[PDB]
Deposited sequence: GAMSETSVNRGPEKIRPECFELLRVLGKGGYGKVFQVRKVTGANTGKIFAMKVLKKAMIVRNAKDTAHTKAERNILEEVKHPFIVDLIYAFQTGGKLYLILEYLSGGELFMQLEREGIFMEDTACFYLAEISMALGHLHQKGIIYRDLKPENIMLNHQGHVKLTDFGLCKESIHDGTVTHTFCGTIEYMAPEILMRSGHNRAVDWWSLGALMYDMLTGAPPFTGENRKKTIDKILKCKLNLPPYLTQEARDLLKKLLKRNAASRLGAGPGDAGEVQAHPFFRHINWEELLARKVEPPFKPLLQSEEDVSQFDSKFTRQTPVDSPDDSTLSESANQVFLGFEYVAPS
């Protein structure tokens, strides 16, 4: 009758949210103890293959450490972490709003009024990551998800699926010239562009032809844009890192003070009091309408042991 153990047998596998090389992401229901009947996302990783590559072991541990350390409204929360021999488990909150990119397709284009909200919430998460000395490097529409009410949540701090897309990355990543916090304000710019045009600013016929267009860095001004958004974009998508907005000593604050966010109340927005532009389909909590039909499956598939010593975690709440 002590504290709860948190084994894999504590969860019922409902469905597959994502499959990748290193493991699987399930939608699960906690069936015993504390949160009985509550829905989670469960990331399950294969120990055997993580330990083969130091860079892989890094991101797995980083994610684990990052998510324990970071508690924030616009960053996905880690509920439990535990392990078996051969497998690692991460229990994260289930985000039923799906991808933000998903809304974009349906809308075709975001209005600046709507884009602002999502960018501002993303900006808060990004600046906080920087207060914790962390650089998302590759931020892209695939990484931004929505909670049940439609608020921003940032999500893959660990391994990569399929062992991604470069058109949202800063030129300095590609030229290996070294990077910094400003790399994300670039990626934010690339996102803003995608939000208001439907496409990334620099795209090519192939892997390298895309790369060169980014390094070229040619402005493309759609006529329907306001000067605020126009000017905001030109500062974020500056090739020059030092001259980029958010690269200064004020970081996120320097970006957020922009007249494009002149209508934003941050005290309210961070409290998540502001109504999101999209309250997404509400059939039930375990509503899975937006990810599949892609994944619809339901199945779970050693010498020098440590690492993954002290991997176990349970969020205080």
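Missing from the model, relative to the deposited sequence, are the ranges 1 to 9, 173 to 183, 322 to 330.
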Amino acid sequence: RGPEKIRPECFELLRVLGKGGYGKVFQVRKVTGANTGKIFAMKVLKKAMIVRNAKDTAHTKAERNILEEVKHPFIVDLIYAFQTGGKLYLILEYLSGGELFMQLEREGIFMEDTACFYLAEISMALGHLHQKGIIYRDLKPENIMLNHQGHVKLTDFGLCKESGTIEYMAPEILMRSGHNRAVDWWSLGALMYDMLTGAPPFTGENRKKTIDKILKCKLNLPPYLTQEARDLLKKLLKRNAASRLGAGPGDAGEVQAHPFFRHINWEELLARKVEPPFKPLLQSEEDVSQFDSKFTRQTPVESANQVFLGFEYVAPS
From here on, numbers count along this sequence of modelled residues.
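In this text, rigid core is short for the largest set of C-alphas that superpose within 1.5 Å between two forms.
Larger average C-alpha displacement in 8 other deposited structures of this protein, relative to the shown form after a rigid core fit, is seen for 173 to 181 when comparing 215 to 223 with 173 to 181. The stretch that moves more in 8 other deposited structures of this protein, judged by CA deviation after a rigid core superposition and choosing between 198 to 206 and 114 to 122, is 198 to 206. When the other compared entries with both flanking residues are checked, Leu269 is modelled in all of them, not unmodelled in a third. Across the other PDB entries of this protein whose models span the neighbouring residues, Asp251 is modelled without exception, so it is unmodelled in far fewer than a third. Stretch comparison (222 to 230 versus 181 to 189) by mean CA B-factor in the PDB entry places 222 to 230 on top. Taking the mean C-alpha B-factor of each stretch as recorded, 133 to 141 and 78 to 86 are not equal, and the higher mean is that of 133 to 141. As recorded in the PDB entry, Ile166 shows the highest C-alpha B-factor of the residues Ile166, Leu154, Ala120, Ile109.
Highest C-alpha temperature factor among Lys71, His148, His128, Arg176 per the entry: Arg176. The entry lists a Cα temperature factor for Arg7 that places it in the lowest third of the chain's modelled residues. In the deposited entry, the Cα temperature factor of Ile39 sits in the bottom third of values across the chain's modelled residues. Among all modelled residues in this chain, the alpha-carbon of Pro300 has a temperature factor (C-alpha) in the highest third. Compared with the other modelled residues of the chain, the Cα B-factor recorded for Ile91 ranks in the lowest third.
Looking at the C-alpha B-factors along this chain, the one for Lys294 belongs to the highest third.
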